[PDB]
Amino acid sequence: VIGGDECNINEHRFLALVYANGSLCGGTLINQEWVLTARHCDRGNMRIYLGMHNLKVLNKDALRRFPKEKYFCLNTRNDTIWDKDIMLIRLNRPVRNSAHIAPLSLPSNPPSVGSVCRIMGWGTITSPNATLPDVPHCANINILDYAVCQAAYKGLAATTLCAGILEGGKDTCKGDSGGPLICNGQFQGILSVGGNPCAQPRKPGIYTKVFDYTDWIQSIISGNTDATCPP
């Protein structure tokens, strides 16, 4: 996250730290056994850490998990960038609520353009050139008119939200992918892609639009067979 500050230690109980093949991502605990992240974060041998804040001062209740179930959309476009960038993972064992662990559930509605959203992650706080923080950084950004992302980007995927600061300066960045966009207290986005360097004016982040995936998520977790992703 560029242009933010250290998150409050208590404001991200649903935030998962996802490590796969040395690559860093965020994720969101949506109930006691399941995490939503970006499918692009599935880079191999995934370890999912819950209840983490400082990577160098471990919360007493921090836990390590790995995927026991893993789902994503099988029909993805090839012409858009990271189409349907979402992956739903069931953890190997549940994680109970604790000081630093609690799920964030499914949004009741997609967010209005203009809504203030929190972004968060352990991703770089500088761009270009990686500077990885020991603590997750958080910033407030907004849901932007989708046309802003359409103007900034080539093959923008559908089922996405455009979020950032129109003038730049605050943004997610490398290492934050898969992490949540929380707007008005609701889990609305999973970071997929954005501009590099990060936080440029009119080059917002592209967040998979969680609301659109409600049926898919519920279908998978509720056990009814071979759900389908939204168009």
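Quick note: we count residues from 1 along the sequence shown, nothing fancier.
Mean CA B-factor, 220 to 228 versus 2 to 10: the higher value falls on 220 to 228. For the pair 190 to 198 and 29 to 37, the record assigns the higher mean C-alpha temperature factor to 190 to 198. Among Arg90, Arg118, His100, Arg96, the highest C-alpha B-factor in the deposited entry belongs to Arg96. Comparing the listed residues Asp171, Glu69, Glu167, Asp176, the entry records the largest Cα B-factor for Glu167.
Among the modelled residues of the chain, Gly114 sits in the middle third by CA temperature factor in this PDB entry. When the CA B factors of the chain's modelled residues are split into thirds, the value for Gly44 lands in the highest one. Ranked by C-alpha B-factor against the other modelled residues of its chain, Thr208 falls in the lowest third.
For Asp79, the recorded CA B-factor ranks within the highest third of the chain. Only modelled residues enter the ranking.
Per the PDB record, residue ranking by Cα B-factor puts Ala20 in the highest third of the chain.
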